[PDB]
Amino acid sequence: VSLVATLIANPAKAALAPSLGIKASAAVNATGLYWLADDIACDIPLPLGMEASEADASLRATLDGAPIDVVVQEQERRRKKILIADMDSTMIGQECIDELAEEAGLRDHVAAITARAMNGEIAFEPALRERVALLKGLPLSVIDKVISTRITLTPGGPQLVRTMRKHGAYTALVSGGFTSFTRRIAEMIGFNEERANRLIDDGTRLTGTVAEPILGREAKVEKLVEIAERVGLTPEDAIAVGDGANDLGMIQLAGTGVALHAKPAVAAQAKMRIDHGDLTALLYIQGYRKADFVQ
């Protein structure tokens, strides 16, 4: 029945000083303070009987103006055994579809559609079909070109995945993007599996269409359900993370759902948000100490 709050900074802007952590724990009449990573993350056991909304407000006020995330959850079952993570803008820094659109000279036009889709102003499937249509005729060679030159991994990604695997979790990269990208990215980072949409080609060029049925918001929910059943758990045993509206289904279903640097309307709908930390934040959310990490 007991609660814990966790404060989390970005390791590249590690502002959670010892004095700040004590101030915060004092602000909630805390029963102790445990450092998971110096200047980066600490656990604050909530005294019994405090509603979690109270502590979230109290901690956010004390920390106001500092780049430090606040999450509150029950201490039991906070370490999860399934990771399901979006790719674009979550484990990589880019949108694979916007990068491809550059090679058709249409980056800005396509990127504006992507922003509306990720904010939830347009359904994923029509938005994908509209953007992919504009890639018609691009040579297949363009995929390796984009991957090799413009895709970069998000900080903390490999450590999150490898540390969770080290502790026996099953990890999946589940994306509205393209298998030609996820297959490479997933093995770069170290996921157990990936699942994404598929660009159709004629053997030499992109046709400008995607294999149906398109995997969208509900497909991520279904894949989370499929994974939990196959490994003999439930979605409650999963942590899900993404930035876009098409991730809200899995974020809401999972036992721990994280809106990570999410679009404005997306973050508004998430129970748990990380706006300053990098992907290592999900390790601290789960109670890992830096000593546990795969370094």
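Between two forms, the rigid core is the largest collection of C-alphas that superpose within 1.5 Å. Numbers follow the displayed sequence, beginning with 1.
Taking 262 to 270 and 237 to 245 in turn, the stretch whose Cα atoms are more displaced from the shown form in 5 other deposited structures of this protein following rigid core superposition is 262 to 270. For the pair 139 to 147 and 114 to 122, the record assigns the higher mean C-alpha temperature factor to 139 to 147.
For the two regions 71 to 79 and 210 to 218, the entry's Cα B-factors average higher over 71 to 79.
For the set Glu103, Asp98, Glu194, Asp88, the PDB entry assigns the largest Cα B-factor to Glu103. Out of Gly244, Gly249, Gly257, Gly32, it is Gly32 whose C-alpha atom has the highest B-factor in the PDB entry. Residue-level temperature factors show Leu7 in the middle third of its chain, judged at the C-alpha atom. Ranked against the other modelled residues of its chain, the C-alpha B-factor of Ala24 as given in the entry falls in the highest third. Among all modelled residues in its chain, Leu233 ranks in the middle third by Cα B-factor. Compared with the other modelled residues of the chain, the Cα B-factor recorded for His167 ranks in the lowest third. Ranked against the other modelled residues of its chain, the C-alpha B-factor of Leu48 as given in the entry falls in the highest third.
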